[PDB]
């Protein structure tokens, strides 16, 4: 029974940068890949990035390659998503999920409730 909690959402302007964090409790996640997904309203949930075990690499979706970076702090039981060069189409609820399969087949059995990222000029002066 793993519990995940995302944080770091907020309002950011186009071209801006933002860092999300996903903290795990109830299990050490160092053995497991951790993935980020996102869901915009009226669209299906989209893969963003995966941080495999330290030394096994990070992999990205085409839509975010070059702009987003996933990393992990195994001591803190936390994974991160650094986002740069943000676009309005990046507006979404961002979710983290743990891959229960240590052989990396993508058995995503536990998910966080998500954190909202809104890319907009409306609240920046």
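Numbering follows the first chain given and starts at 1.
For the pair 80-88 and 22-30, the mean B factor over Cα atoms is greater in 22-30.
Per the deposited record, the Cα B-factor of residue 10 falls in the middle third when ranked against the other modelled residues of its chain. When the modelled residues of the chain are ordered by C-alpha B-factor, residue 100 sits in the middle third.
Among the modelled residues of its chain, residue 63 has a C-alpha B-factor that falls in the middle third according to the deposited record.
Per-chain ranking of the deposited C-alpha B factor places residue 17 in the middle third.
Among the modelled residues of the chain, residue 69 sits in the lowest third by CA temperature factor in this PDB entry.
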